[PDB]
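J.: This one's experimental. Sequence and coordinates below.
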Amino acid sequence: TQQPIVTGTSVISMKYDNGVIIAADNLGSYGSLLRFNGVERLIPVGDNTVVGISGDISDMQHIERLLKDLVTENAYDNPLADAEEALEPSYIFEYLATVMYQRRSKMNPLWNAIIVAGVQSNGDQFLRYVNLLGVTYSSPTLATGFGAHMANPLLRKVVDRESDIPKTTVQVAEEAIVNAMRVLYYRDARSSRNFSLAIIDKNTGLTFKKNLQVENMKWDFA
Amino acid sequence: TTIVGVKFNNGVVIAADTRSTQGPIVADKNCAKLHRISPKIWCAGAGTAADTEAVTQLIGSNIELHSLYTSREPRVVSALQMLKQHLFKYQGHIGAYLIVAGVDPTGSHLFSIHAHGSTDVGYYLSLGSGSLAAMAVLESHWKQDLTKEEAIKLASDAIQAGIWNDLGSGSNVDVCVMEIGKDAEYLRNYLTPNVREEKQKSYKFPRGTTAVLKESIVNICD
Amino acid sequence: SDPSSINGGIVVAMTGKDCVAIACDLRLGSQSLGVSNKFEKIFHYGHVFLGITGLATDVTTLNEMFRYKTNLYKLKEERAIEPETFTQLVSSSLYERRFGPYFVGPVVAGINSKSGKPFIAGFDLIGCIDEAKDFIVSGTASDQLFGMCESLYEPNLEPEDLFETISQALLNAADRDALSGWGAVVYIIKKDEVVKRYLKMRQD
Amino acid sequence: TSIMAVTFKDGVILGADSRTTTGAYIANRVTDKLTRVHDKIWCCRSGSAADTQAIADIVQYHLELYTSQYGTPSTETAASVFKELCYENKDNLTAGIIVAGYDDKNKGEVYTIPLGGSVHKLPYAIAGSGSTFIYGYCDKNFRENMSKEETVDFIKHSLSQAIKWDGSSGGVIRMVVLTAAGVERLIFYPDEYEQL
Amino acid sequence: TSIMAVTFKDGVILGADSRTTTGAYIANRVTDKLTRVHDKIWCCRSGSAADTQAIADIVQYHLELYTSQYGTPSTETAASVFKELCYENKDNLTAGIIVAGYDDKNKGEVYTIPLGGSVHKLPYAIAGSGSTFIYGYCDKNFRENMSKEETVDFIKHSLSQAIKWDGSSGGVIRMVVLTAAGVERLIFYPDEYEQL
Amino acid sequence: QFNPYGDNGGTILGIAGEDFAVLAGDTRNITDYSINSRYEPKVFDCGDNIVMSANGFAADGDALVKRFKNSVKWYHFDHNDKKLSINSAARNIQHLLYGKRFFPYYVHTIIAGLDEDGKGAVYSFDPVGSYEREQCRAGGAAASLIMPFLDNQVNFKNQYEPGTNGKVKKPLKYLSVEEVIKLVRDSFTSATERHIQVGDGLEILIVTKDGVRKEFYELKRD
Amino acid sequence: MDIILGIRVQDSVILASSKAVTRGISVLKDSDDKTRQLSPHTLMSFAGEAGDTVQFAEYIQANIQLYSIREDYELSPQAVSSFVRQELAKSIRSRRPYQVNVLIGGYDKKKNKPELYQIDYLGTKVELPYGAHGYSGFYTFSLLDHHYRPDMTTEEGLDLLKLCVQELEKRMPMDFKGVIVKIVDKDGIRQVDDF
Amino acid sequence: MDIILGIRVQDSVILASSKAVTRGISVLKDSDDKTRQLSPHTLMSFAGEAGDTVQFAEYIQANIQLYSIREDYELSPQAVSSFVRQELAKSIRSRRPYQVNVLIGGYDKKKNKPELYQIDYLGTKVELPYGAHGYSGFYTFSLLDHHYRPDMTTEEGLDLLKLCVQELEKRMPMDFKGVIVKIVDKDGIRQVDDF
Amino acid sequence: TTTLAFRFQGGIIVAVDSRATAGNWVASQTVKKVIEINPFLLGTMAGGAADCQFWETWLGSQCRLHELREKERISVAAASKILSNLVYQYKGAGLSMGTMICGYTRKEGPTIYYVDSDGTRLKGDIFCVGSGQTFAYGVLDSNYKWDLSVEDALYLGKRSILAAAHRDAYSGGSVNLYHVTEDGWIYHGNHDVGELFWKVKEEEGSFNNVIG
Amino acid sequence: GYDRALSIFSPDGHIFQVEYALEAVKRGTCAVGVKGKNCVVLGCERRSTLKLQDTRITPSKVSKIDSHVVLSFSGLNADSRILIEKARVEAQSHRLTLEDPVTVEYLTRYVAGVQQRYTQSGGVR
Ligand SMILES: [Mg+2]
Ligand SMILES: [Mg+2]
Ligand SMILES: [Mg+2]
Ligand SMILES: [Mg+2]
């Protein structure tokens, strides 16, 4: 039994024609106090997976160490560690999902909501969610916390079902994600203006964007 | 419930969904959440259904008597003042959450009221369980100097976000347009995007299927 | 100690072609103990029919109260109250007890004598009006009734066909509820004739 | 909320953020927490929104009736009416109000009224959840008899920090200037104050 | 408590008040909250006094055993040991610790470890009940690559304000300077810092 | 205090014919008033012509299905590739569930297939391992809506032969796969109308001696 | 208090009511008559909370007796039962409700028919061929479902009642010290002394 | 469970124990023997929590019978009582204690004296001329204080016991369905069939 | 549930209802509450359904192991005590069971044991167990004699369940009958209350409280 | 714990420790059992190199396991006490769970099982 202390808010994501996009702000809240501002909540695993984490930051840092150790362990006695036997997004997710459900079953959870975004070896987009309860689900768009309530509706206007994915470009997809982040800054009392964004494409690979800001805001009607 | 209100050029428009629930069960698939306080002042209500209907009727009644007493068309701020003082007096026990809008000799107005008796002003507002889904759309697409047709589109789009993404909201979209110098235009079932598909089978029973013990003619006359 | 499920019971109403139907079960119990199998839950004031589910003492009290009020109405108005008007009276009366309510689930049914239009309506315990073209449900097997009605119902049923639909809706819903059943009554209502039928159902 | 009021050479200035909260959801990002109870007597509001409105409306009514009989009320008188409501209804209220007004005899005055309903006349006052983070800054930077431009900068910088650390504060910084010249409304947007 | 640690040009300085509390009673007015875990790695302590002592003692033991085998530990290593204890025993601990040390390769470093047991490397850190009142002041006044005298003044002024507003903070201001030159202990009494 | 359980909504339905059996379930996944996924399958082919669904708390549901699938695998390893009969599967699932009697799997479980005489079979379980073979069973959030309809249309309850004075019951007979799918589709469209946690899509798994076939149908998305 | 029963037969209503009054671990009395005559052809038995029972019974008795004197007329059993129900229906939403359950057995002289009404403390009225309050019903209702016929005589009703008391004396946990039996018919109210 | 009594007279110990087993609002049995023979000249009656009572009684019985076989000798009543006390004294600080109260009536063949021991679930042992567990004692102790003499015969003891049962049947709230009476003396244990 | 079993001149009658409930929700009407342990042993189920189902089939496995090891069918006493000793180990854990172990052996004759989840084990001639036990007792006790015929005893058991099925809201569905003799148990059919009630009402003239 | 496998097979397929235990039995005083039409009689030898014995208190050769079963033996006296004790405990345990005393076959089968267990358990002879 826990209570979360230092926390991170929404993580948002979606699929597009060639890959997936994921984003999360750089804030570590301490209750109502906006305590830490240099917190990276997107953690890449290899060159084909990004894990976005919300909730307790001490538990997030623990999960970082686990993923770091997983890469090390996979390389052991593995000549194809950077080829056919490299860590897939599906492998990384299932591992985390196992851990999350085991910890909830021992009544000592990792107080987090997690989204694993990546591209598989065959080119297929991977996007799946898991949280402190061990609950898992997948969707063309996925978001945690406030993102679930405010980002998902906006992202679903772009990709409402499976057939909308081939019709959605990386330009259109990123535009929707960046817009959603602005809306969250307007309306979430534990969001920050600064955020990170990651694109995992089947052709261009992993692009990690740091120190992004929310811009073009409307206030003058005040 | 999902309700919104949006200001435009020469007036104000409000909208709402048409789903009524008791727990997870849908009681009414086409209930009317748009209420009339006076001919050109209309109310959208979420929360405890009986409270929103009763409080809108009581103030509507007193507004009519006031209009007759003063030989003047009723103002939105009068309805706002009466509603908020009534709700405050009951310390939130009357669970009425309202978006009040209308036109009067002073101009066009848009307010919200919360159950404890707090009021606020805005060019765009949203209340109810689907307010976050609606507000996400409003924050994304709203601008200064909207036309009538643009405001109706924005309002109904905000309600649709609630219909699709919020489980508390569903079915149809009701709209009411209050323009300065014109009659208020109530648009019942302005949109109907949730029509029930044809059933696979008719469940009309052969006559005599039900076993009967007694028959008797009932006297309704004097 | 949940007032709405001590005694048990159900009521359902439906519309058809130039007609309406309202039905109810006959059980009255005290939690697990079945006490009475003659406790009807449908009453009428002139041509307007009212069904009431919930705490039985309040069912009785409200019937007596609305008989009281509709009698004074008729004396002063010199005409029988209509379903639309009576629906409003029920709503007013329930909301008057907002912070000390009658634990009931009433259902109005009838045909307007002037227009000829079939009318049904439902309420929560504090007076919220639920109007419907098709059907209204109430009681401890309301979930079951919602499921039965939504699947079985079709519009513009003839009185004889409507009887079969509403009866099957009630019976099969009641059999999936421990606190409902023990007999049933169905009212078929036309413009100027009303037929009352008691249904044969399982007595467990 | 983060709110404050500061006396200076020519009178007094009130300041406030624009955030309204119901949990972590921002119910309104463009709120007006600076409220008129008389021509040149204004209040800053913190706590319950329903409570602070009901109070401010009653005060405005009392001072309007005072004016009809006895002419312009003093700022002290306005604060006393706020106190009377806050003190006598302390069990049912959550209201932290700062009262600020301009007389010609008394110049600028600031009265703060915390939860209990006590009154405290001060050179300047800070209140709301975000005020905790600027006690250090405000104490070190406040001077008596500042100019209009200096006082505006003091409030702008102060509320900027309160907004930066308090999640319950944000949006725009509204200000109201009370002097012999009249009443002036100021607004400052994120793009300006965030990068101070 | 009010505590802080600040990196600067020549290294890092730790700072703390001297108040120990059991309720409103001051159990000790001359407390030493700055503790040595290694020659040039020190910690600042906040929260439970029993918890923070048990932790610091275990860390000191771990780093003494580290030194016997692998030589001088990095400041990062010391912070990791603190984290490991705070994170794994989060249910039973109330400890807010700031770790600060001087390497010759890495110069001055500051790591803060809040209640949950997370680690945060920062240019400077503030913690304890009194830190809330100086977030605004410290953010506005901190600069990177300050001198020794500037950093001492920054800490002295900061903790002075924290002490002024926080009832749980007071007494003397202790400081510990970590540079290549060595370890220097500083003390500052009320009569000096109160009238800043 | 940490609550190890959640409610992921949705509803499931199993019907058995003479030489076939169906196991249907909606594809919507929810928490509180939000939709997590519009397509998250919860009816699975477990091998040996056994289909299974464990509806309720999805984390427990996935865990159980995962353990049973694994049980089938080891049954082959330990007993010379012998086919696991539906009755044996049912008993095995009881022990899986009851093994966590004092910290239960929060699910209503239904399995379907053919018995050892080739006839259609449906088994249903309570959360702690109680089981029973039936012709008919609905499960999950809308079970209370659908089940009485099934009693009436599958088992012909409360239906008497016309003109027989309520003395002769309507005779029981097996339904064709065409007739069964009609009832499934109508059951789910009705449940979608009146239950907020039910909608989006319907996935039916049909089991005959030839194998396991799938059919998908759209449901209302409000 | 505890056990009160009622059976309506062809020409009479029979009420049986337990004699025990228990407080704590002591039976304070074993001859208590848990009934009041409301009018010459109407009898009410009662059970429930200590004090409340008698206070309520006597209050109703006073009111019906007042009515009888005022109008020089006896109210019908149906009328008396409705009056009693309304009093309990008022009571349940009072500051301190009467926690009393009653059976009303009467003979309607205008209809020449016996009538038995069961009313609980909430004000829940039902007319019945046989009735019971408290845990008694859990045994007696099923027993009477089997053995009761509508055309029985008073003597047949008493034997049917003996069968109920025997069952209760066998399976009930508490010693209720037997019952006082009273008959209501066309000739009024009388007590059976040897039961 | 509920009523267990014991009386020690000149030459014997007499135990009386109620026959009822009640669960909820149902008397499931009216012929239950709440006693176990531990050895030929030692008898233990018991009352308390359902299940615990019999489980504890039979466990003690098994242990004493084991001792008897091992040593080819009968333990004294004093020795058996001390063994039982210690088991209950252990039990009270266990994870789930035995909630059982017992009376041990025995005849010491070496001393040629009857002995009665009262032991509660905490492990509180006392030797007494007469004993009782539960609410029974609140009536029987004062009664026996008055009528008991130390030099009474077995027949006088049975009449004294009848006086206790009569009082309990008059003033106790629950129907305990009479008692099974057993006598322990120099010739062993025997049951009185007509009580 | 309502279950009963009584001993008489011609052996043992065992009768049970078939309803399952989750609160006021009627979960099933077709439940098997009698478990056939061996050709001479029966077990009745009441209370927690998984508890009853799991542990009584487990009991059957223990009885089978007894006759393999001892080359002799287990006694009713020993079979009932395995179950009672098992549930006693779980006392306090929250098991919910009201069971009756009924059967015949040479040494015992016809025997019935009541076993419940708080560890109570009682030999007896008549028991009724479940939420509707009192309704069954009322009819059974008032018509019981030792000298009942096999035909009359079967009916009384059937009629007693019917009585409880009618009055108890948490009992119903159908009646399952069993007769246990020196030659073993004999099944006497499933009897739906839907038809059985009206058949009994008409033929017996009882249930006059109901609208005919 | 002491784990050594003391009872093991030899090349010719004999377990010498079990066979040497039989030699200890051969050394013990003679015991005989004869069963009639309605009884069983157990006879036992007692060696007479021991005078000045106290026969009141000296352990008897025939032991009661229950009131209806007896056990005599030949071999190591100290070893027999351990078997007798275990048998006596099992006798009471059987009465407790089965509600019936042991059969002679069952009691024998138990005692024999104990003896067998000590032939393929580590650390025991
Ligand atoms: Mg039913
Ligand atoms: Mg902020
Ligand atoms: Mg739906
Ligand atoms: Mg029933």
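T.: Ah, there it is. Numbering: from 1, shown residues only, chains lettered A, B, ... in the order given. Ligands and ions are numbered 1, 2, ... in the order given.
J.: distance between stretch J:48-61 and the chain's centre?
T.: Averaging C-alpha coordinates over stretch J:48-61 and over its chain gives two centres that are 20 Å apart (C-alpha atoms, centre = their mean, to the nearest Å).
J.: distance between the ends of that stretch?
T.: The first and final residues of stretch J:48-61 sit 15 Å from each other (C-alpha to C-alpha, to the nearest Å).
J.: which outside residues touch it?
T.: Contact with stretch J:48-61 is made by J:29, J:31, J:44, J:46, J:72, J:73, J:77, as judged by C-beta atoms under 8 Å, 6 or more residues apart in numbering or on different chains. (C-beta placed from N, C-alpha, C; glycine too.)
J.: Quick check: closest non-adjacent residue to the last one.
T.: In other words, residue J:77. Nearest in space to residue J:77, with sequence neighbours left out and distances taken as C-beta to C-beta, 6 or more residues apart in numbering or on different chains, is residue J:59 at 7.2 Å.
J.: separation between the one you found and residue E:76?
T.: With distances taken as C-beta to C-beta, to the nearest Å, residue J:59 is found 76 Å from residue E:76.
J.: Looking at these two, which one has more neighbours?
T.: Neighbours around residue J:59 and residue E:76, counted as other C-beta atoms under 10 Å in any protein chain shown, are more numerous at residue E:76. The numbers are 15 against 9.
J.: and after the helix or strand hosting that one, which helix or strand comes next?
T.: Counting by DSSP states H and E, the element that carries residue E:76 is helix E:75-88. Next in sequence after helix E:75-88, counting helices and strands by DSSP H and E, comes strand E:95-102.
J.: What strands line up against that next one, and which way round?
T.: Partners of strand E:95-102 in the sheet, by DSSP bridges, are strand E:41-47 (antiparallel), strand E:108-113 (antiparallel).
J.: Format these as a markdown table; extra columns: mean neighbour count and distance to residue G:172.
T.: Formatted as a markdown table, the entries for those read as follows, by neighbours: other C-beta atoms under 10 Å in any protein chain shown; distance: least, C-beta to C-beta, whole Å:
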| stretch | mean neighbour count | distance to residue G:172 |
| --- | --- | --- |
| strand E:41-47 | 25 | 63 |
| strand E:108-113 | 24 | 68 |
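J.: what about whichever residue of chain F sits closest to ligand 3, distance to residue F:217?
T.: Ligand 3 sits closest to residue F:199 of chain F, with a gap of 3.6 Å, by C-beta to the ion. Remark: distance between residue F:199 and residue F:217 (C-beta to C-beta) = 12 Å.
J.: And these two? Which one has more around it.
T.: Per other C-beta under 10 Å, whichever of residue F:199 and residue F:217 has more neighbours is residue F:199, with 27 against 16.
J.: wait, what's in contact with the more buried one?
T.: Listed by C-beta under 8 Å, 6+ apart, the contact set of residue F:199 reads F:26, F:28, F:192, F:219, F:220, F:221, F:222.
J.: Highest neighbour count among these?
T.: Among the contacts of residue F:199, residue F:26 has more neighbours than the rest - 32 neighbours, counting by other C-beta under 10 Å.
J.: Strands of the chain, start to end?
T.: Looking at chain A here, since you left the chain open. When secondary structure is read from DSSP state E, chain A shows strands at A:6-8, A:11-15, A:19-25, A:28-30, A:33-36, A:42-44, A:49-56, A:112-119, A:125-131, A:136-138, A:141-143, A:194-201, A:205-213.
J.: nope, chain J
T.: Counting by DSSP E, the segments of chain J that form strands are J:31-35, J:40-44, J:63-64, J:70-71.
J.: before we move on, what about chain G?
T.: Here chain G has its strands, by DSSP E, at G:4-8, G:13-18, G:21-23, G:26-29, G:35-39, G:42-48, G:100-108, G:113-119, G:125-127, G:130-133, G:179-185, G:188-192.
J.: and chain C, which of these is closest to it?
T.: Minimum separation from chain C across the strands of chain G (C-beta to the nearest C-beta) falls at strand G:125-127, 4.3 Å.
J.: which outside residues touch that closest one?
T.: Residues external to strand G:125-127 that are found in contact with it (C-beta under 8 Å, 6+ apart): C:28, C:35-36, C:38-39, C:60, G:81-82, G:85, G:115-119.
J.: Neighbouring strands of it in the sheet, and parallel or not?
T.: strand G:113-119 (antiparallel).
J.: State the distance from the closest residue to ligand 3 within chain I to residue I:161.
T.: Each residue of chain I has a distance to ligand 3, by C-beta to the ion, and the smallest belongs to residue I:25, at 21.2 Å. With the distance defined as C-beta to C-beta, residue I:25 ends up 22 Å from residue I:161.
J.: Neighbour count: these two, which is higher?
T.: residue I:161 (34 against 17).
J.: any idea which element the more buried one lies in?
T.: helix I:150-167.
J.: now swap in residue F:59 and tell me
T.: Counting by DSSP H and E, the element that carries residue F:59 is helix F:58-78.
J.: Just after that helix, pick out the following helix or strand.
T.: Proceeding C-terminally, helix F:58-78 gives way to helix F:86-98 as the next helix or strand, assigned by DSSP H and E.
J.: Tell me how far the helix or strand following that following helix lies from the chain's centre.
T.: If you walk from helix F:86-98 toward the C-terminus, the next helix or strand you reach (DSSP H and E) is strand F:107-114. The chain centroid and the centroid of strand F:107-114 are separated by 5 Å under C-alpha atoms, centre = their mean.
J.: for strand F:107-114, packing partners?
T.: Counting contacts by 3 or more C-beta pairs under 8 Å, 6 or more residues apart in numbering or on different chains; DSSP states H and E, the secondary-structure elements packed against strand F:107-114 are strand F:11-16, strand F:21-26, strand F:51-56, helix F:58-78, helix F:86-98, strand F:120-125, strand F:136-140, strand F:201-208.
J.: nearest to chain A, of these?
T.: For those, the distance to chain A is smallest for helix F:58-78, at 4.0 Å, taking C-beta to the nearest C-beta.
J.: List the contacts of stretch I:139-155.
T.: Outside stretch I:139-155, the residues that reach it (C-beta under 8 Å, 6+ apart) are G:142-143, G:145-147, G:163, G:166-167, G:170-171, I:4, I:6, I:8-11, I:13, I:126, I:128, I:156-157, I:159-160, I:163, I:177, I:179, I:188.
J.: ok so, going back, from the contacts of strand G:125-127, pick the one nearest chain F.
T.: Taking C-beta to the nearest C-beta as the measure, chain F lies nearest residue C:38 of the contacts of strand G:125-127, at 20.2 Å.
J.: my read: that closest one touches residue I:211, true?
T.: Yes: assessed by C-beta atoms under 8 Å, residue C:38 is found in contact with residue I:211 at 6.7 Å.
J.: Give me the common contacts of the two.
T.: Taking C-beta under 8 Å, 6+ apart as the contact rule, residue C:38 and residue I:211 both touch C:26, C:183.
J.: after the longest strand along chain B comes which helix or strand?
T.: Ordering each strand of chain B by length in residues (DSSP E) puts strand B:96-104 first. Stepping forward along the backbone from strand B:96-104, the first helix or strand reached (DSSP H and E) is strand B:107-113.
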